[PDB]
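What follows is a pair of forms of the same protein chain, given separately as structure tokens and numbered structure 1 and structure 2.
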Structure 1
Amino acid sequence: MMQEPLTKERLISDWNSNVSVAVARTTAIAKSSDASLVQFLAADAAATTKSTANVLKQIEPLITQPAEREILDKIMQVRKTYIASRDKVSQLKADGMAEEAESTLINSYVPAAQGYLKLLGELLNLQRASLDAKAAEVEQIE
């Protein structure tokens, strides 16, 4: 039994789940003209950040193969854009400029958020494919 690829799938599954929650919440906050929303979800948002932080610390040392290293770097690049454009939308709405804020949301934030989730979906499927194929090869024990 080689359960490390199983733990590897479980960690990436929780990572995709925590990030999916974060993107759904951040997207709603970015579109909403309601400014009180940020404080109302602040405690819930902090929880997912902590969960992401705990889960991310464990998987990073386990991504060593090329295919996995490529996706992970693509994820790091898009995660930077995701946070930057999120703050840009928040900073523009704060400054009055709402036409600029909605434009940045549509043209910069949503593509980055969708790319964040898409790459994570690719990483989860990649690990599940490896565990399915490292189980049919261990089925040559018959």
Structure 2
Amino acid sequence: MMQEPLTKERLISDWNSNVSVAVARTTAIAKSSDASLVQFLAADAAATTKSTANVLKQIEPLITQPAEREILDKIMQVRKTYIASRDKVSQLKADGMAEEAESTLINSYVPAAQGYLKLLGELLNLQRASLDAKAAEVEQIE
């Protein structure tokens, strides 16, 4: 019972950490004049990506509420926009197109990452609220 929202809270926390890491890395890539940084960080980026893939596969079978499914649907859509803009920033920086990379970071990547993190926060708060309610019942009702 309780372990359901507990497990989902932990998985979503890992996911949120992965996105925060990826945002810091993409920000550093976009602000560095070094066109080679993308390739230097490719292995780290791949580890972050695969970590999130693992989280997603674990979260999917645990989704039990319509609200969770709607939020997750929105997350996956926003995530598509985020991935496209992240990849565009990396491509432009690798090609030395610093100005266009900045335009993309500001107009596309930042809003997508912010929406991504906001929706992850909503799903996380959903789990935390369910778990907090059950924990309060267990403590008080005893």
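Here the rigid core means the biggest group of C-alpha atoms that line up within 1.5 Å when the two forms are laid on top of each other. Counting starts at 1 with the first residue of structure 1 and goes up one by one along its sequence.
Superposition on the rigid core between structures 1 and 2 places the CA atom of residue 107 2 Å or more away from its counterpart. Once the rigid core is used as the reference frame, the Cα position of residue 91 differs between structures 1 and 2 by 2 Å or more. Relative to the superposed core, residue 30 shifts its CA atom by 2 Å or more between structures 1 and 2. Relative displacement of the residue 71 Cα between structures 1 and 2 on rigid core alignment is 0.6 Å. With both forms fitted on their core, the C-alpha atom of residue 135 sits 2.0 Å from where it sits in the other form; this compares the forms between structures 1 and 2.
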